[PDB]
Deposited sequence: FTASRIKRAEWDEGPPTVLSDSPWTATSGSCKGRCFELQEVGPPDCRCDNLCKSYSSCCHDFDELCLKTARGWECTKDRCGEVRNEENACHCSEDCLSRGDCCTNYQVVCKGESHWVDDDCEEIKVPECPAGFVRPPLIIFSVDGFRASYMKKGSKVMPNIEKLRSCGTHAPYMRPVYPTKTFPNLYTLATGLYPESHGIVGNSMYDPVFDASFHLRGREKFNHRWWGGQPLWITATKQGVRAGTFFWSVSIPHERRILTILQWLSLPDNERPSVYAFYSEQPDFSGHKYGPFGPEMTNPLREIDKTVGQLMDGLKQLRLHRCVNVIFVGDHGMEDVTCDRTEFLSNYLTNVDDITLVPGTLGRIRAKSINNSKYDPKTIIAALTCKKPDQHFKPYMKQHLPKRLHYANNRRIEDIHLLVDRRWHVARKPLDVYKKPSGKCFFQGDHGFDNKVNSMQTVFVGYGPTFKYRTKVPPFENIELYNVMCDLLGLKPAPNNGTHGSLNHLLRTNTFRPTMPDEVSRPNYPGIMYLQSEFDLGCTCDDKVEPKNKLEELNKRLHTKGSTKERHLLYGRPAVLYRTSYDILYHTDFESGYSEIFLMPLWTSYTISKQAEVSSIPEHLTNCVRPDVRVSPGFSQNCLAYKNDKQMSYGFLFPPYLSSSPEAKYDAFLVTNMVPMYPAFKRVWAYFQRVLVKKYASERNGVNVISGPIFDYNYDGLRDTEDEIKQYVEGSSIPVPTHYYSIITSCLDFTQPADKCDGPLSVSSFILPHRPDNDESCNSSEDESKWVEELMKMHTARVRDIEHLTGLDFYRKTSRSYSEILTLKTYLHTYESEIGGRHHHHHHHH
């Protein structure tokens, strides 16, 4: 029942039930009666015209062109241009901002986040003729060719990842629609439930700012408040006295996502929304220039996801695959999440659901997965709000439950939400200001990294998050943060020859007993690690947890062998361009040899594989790439051996026999690090031994859930991988270790038609492998630590050129 007299867009929300005057009161139905009148003035528009100059202050107007307006901080943004012969910010040549140029009483440069919904990366080039302000920010500041959103590429997961540096599985907003079985409640876009704190995990920037005594603009805007009013409110706040003025502000545009849904990413109707966005960027920058803040403020221009072409006719229906579609609830669209419609119903069975959706039609436009089998690069499993069954939907398609759902809910021509590697889902980043570099292009990066940077730009300490602090230092002219290498926790043992053959009772056999001062002196040095400079190019990986392990040297490879897990944690080898592929000689098919540097009790044994009818075994260093007939015997040590389902042996064998040699050919040598991963609780983090759910039958040999490889070479491919003088190039994958090849609909064909495709799907960052293994790679290089962190966050996507 109170008033907004003197409180328009107040910075601290008042306590109920007293009427509010902040930028969120409309959204709550709690604004004061006089809010529209005082706080949402519209009279005469947003632009000073040639006959408003010098006017007599009329308080009814949206903005002002009177003489006192500069003092009141409430001029129209073009006031100086129309009235005082000033130029627009965009018409001025851009001058490097080598230091902040701020008015007295600014403790730090303000940060302004300008986030735009559905702003696809290619808009920067394709719409460049109609966005001269955005294009000036882009070419004068720092920009990436594009920014990778998180999965699912929806609005709320992505804007909250931008604010927290966390994966949605961690922050808890895992879609635009959710059901939380613990709270027994649902989250929807439309509604009031979305405003309930318990949905929102982690610690977003504005709460981080406040706990550390940095004042934050009320970030969020009720939808009806026009963009021009949003801008003038931000400029008004920038004129508050120093003890009241916030240090960070956010502006959000519903465009071009809104129009993109109706017309498609490139519909001719899309030119106008892009013009309007630019017009708003113009207004801000002219307003900052009026305030003399245009060389003081850091501006971030940032999208949450792109937009793809999607129409009604490209819908796949679960009714065409399942009889009894009514026993399920589907969260539909560009992804699918399936649960049981009722919990008292216990004839529902997920195993049978997946089977009925697996490779059922020649042209099938979605693939079912249990969430824990999804590619690890999506990080989309460790949350009770993520349904066990998940449908990865092809770009350009929708999934729905029944046809009735589509024609009664064509209407739309664009959508988003797909796999975050998809070109059309990529978005933008431009940073402009004293803290950002001048005319700098940086490589593409993931939006999870920005929370640390925004914290850096504000002199704040980030809450723990999924960014890699320091990986984006190359954006910044000056950085608060200088990262340091984590300390090694366990140091290795270097065993010598300690055991006699006959002490081993492993049920292993080898046709080996056919073999001299020449090459026994040589193999002695091979076991001391003579060729180790060749095979271990960037130093040994550090182990960052408490464990017992051995470094084992060989002619062709080096490994860190775990006495706890009975297998290597990592194996490292170099394959030059000139190296040859040989076969496994017939007599050595089944050869496994005891390793006399490791005790029987810390060794695997061949019997358990004999007795485990579902489980076989493979090697980490591939015997196919042994450098000589003699070196080949090393490849058959029991300590190079790991458990593999026969179905996965097809995959692995093809990688080792064919793909490794191909990459060495194409890249001029490669260094390969391979190993097992254990993630039974699907949290993207290394399991301890008491978390292992599967052992090779009647033995303490744990079964990995995944196998990784990290393949490194020289970015300058004219240099060989073992002789690189410069930056490195990397690709990695995390392959799921599965007893069938149901994932690949073409598996019954030759490996040359499906294996590489599978590997591409399971591409990973070296950083993903680090979390999953507790190792730290690239410890000894000539490169700067910041450059290495960037390499570790790199993802090889196998999409074409944007």
Deposited residues absent from the coordinates (by C-alpha): 1-27, 437-440, 547-548, 836-846
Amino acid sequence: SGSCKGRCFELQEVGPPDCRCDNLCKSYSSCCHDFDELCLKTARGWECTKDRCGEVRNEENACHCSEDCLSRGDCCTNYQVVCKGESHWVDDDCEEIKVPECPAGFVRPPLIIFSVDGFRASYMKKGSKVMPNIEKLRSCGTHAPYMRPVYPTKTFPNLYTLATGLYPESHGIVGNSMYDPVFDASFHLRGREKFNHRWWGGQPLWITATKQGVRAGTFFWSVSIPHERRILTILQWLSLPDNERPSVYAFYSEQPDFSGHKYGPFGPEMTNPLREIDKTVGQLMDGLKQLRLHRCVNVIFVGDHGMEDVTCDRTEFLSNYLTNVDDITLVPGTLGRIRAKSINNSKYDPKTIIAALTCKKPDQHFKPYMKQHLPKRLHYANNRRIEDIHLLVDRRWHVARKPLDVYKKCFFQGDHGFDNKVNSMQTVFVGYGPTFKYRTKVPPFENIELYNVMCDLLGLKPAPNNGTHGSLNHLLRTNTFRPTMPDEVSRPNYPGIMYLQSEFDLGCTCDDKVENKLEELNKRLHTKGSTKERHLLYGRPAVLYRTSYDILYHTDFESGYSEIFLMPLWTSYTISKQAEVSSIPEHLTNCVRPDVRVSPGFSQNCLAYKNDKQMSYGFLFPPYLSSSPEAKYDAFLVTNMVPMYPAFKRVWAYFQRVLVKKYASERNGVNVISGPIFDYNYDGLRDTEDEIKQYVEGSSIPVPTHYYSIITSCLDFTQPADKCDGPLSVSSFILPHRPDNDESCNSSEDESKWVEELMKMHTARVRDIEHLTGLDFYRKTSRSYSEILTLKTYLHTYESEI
From here on, numbers count along this sequence of modelled residues.
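If you superpose the two forms and keep the largest set of C-alpha atoms that fall within 1.5 Å, you have the rigid core.
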Between 474-482 and 285-293, greater root mean square CA displacement in 6 other deposited structures of this protein relative to the shown form, after rigid core superposition, belongs to 474-482
Stretch farther from the shown model on average in 6 other deposited structures of this protein, with CA RMS computed after core superposition (24-32, 769-777): 24-32
Which wins on mean Cα temperature factor, 727-735 or 332-340? 332-340
Would you mind comparing 168-176 and 572-580 for me and telling me which has the higher average C-alpha temperature factor in the entry? 572-580
Tell me, please, which of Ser744, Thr763, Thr773, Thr42 has the highest C-alpha B factor according to the deposited entry? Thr42
Among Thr705, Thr527, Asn383, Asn681, where is the Cα temperature factor highest, going by the PDB entry? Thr527
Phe119 CA temperature factor, ranked by third within the chain: lowest
Where does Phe621 sit by CA temperature factor within its chain: lowest, middle or highest third? lowest
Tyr249 - Cα temperature factor, lowest/middle/highest third of chain: lowest
Among all modelled residues of this chain, ranked by Cα B factor, put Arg779 in the bottom, middle or top third, i.e. lowest, middle or highest. middle
Taking the values exactly as deposited, rank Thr153 by C-alpha B-factor within its chain and report the matching third: lowest, middle or highest. lowest
